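Down below is the structure, laid out as structure tokens.
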Amino acid sequence: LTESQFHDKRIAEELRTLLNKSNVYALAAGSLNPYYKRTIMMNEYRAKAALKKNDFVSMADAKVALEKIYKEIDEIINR
């Protein structure tokens with residue numbers, strides 16, 4: 001399908017953009033309990049693997065995961 005070919009370009013872009021915030025977030029979670037840093041690290045692996053596969057579903061899952069953890073780190077830090 002011809003939007004399928006567009007969608008793929010879309011999550012890949014959106015996922016890379018989130019991947020690029022992972023150091024910033026690892027720094028912030030340096031102080032916190034290792035769960036935070038570990039979750040970032042594990043979601044980072046999945047994201048990269050999905051970018052490589054170029055599989056739309058894997059990419060979309062990883063994007064949600066990273067957003068979730070980033071959001072959780074935002075919340076801790078904001079106390």
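To be explicit about the labels: the chains of the structure tokens are called A, B, and onward in the order shown, and within each one the residues are counted from 1, while ligands get numbers from 1 in the order they are shown.
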
Got a sec: who's within 12 Å of residue 40 in chain A, counting only C-alpha atoms, leaving out chain neighbours fewer than 2 positions off, as JSON, numbers by chain? {"A": [18, 19, 20, 21, 22, 23, 24, 25, 26, 27, 28, 29, 30, 34, 35, 36, 37, 38, 42, 43, 44, 45, 46, 47, 62, 63, 65, 66, 67, 68, 69, 70, 71, 72, 73]}

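From CA of residue 10 in chain A back to CA of residue 61 in chain A, the distance works out to 13.5 Å.
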
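Counting only C-alpha atoms and comparing A:39, A:54, A:78, A:31, the residue that lies closest to residue 9 in chain A is A:54.
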
Nearest-residue call for residue 50 in chain A, choices A:77, A:64, A:15, A:1, using only C-alpha atoms: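 For residue 50 in chain A, the nearest of the candidates is A:15.
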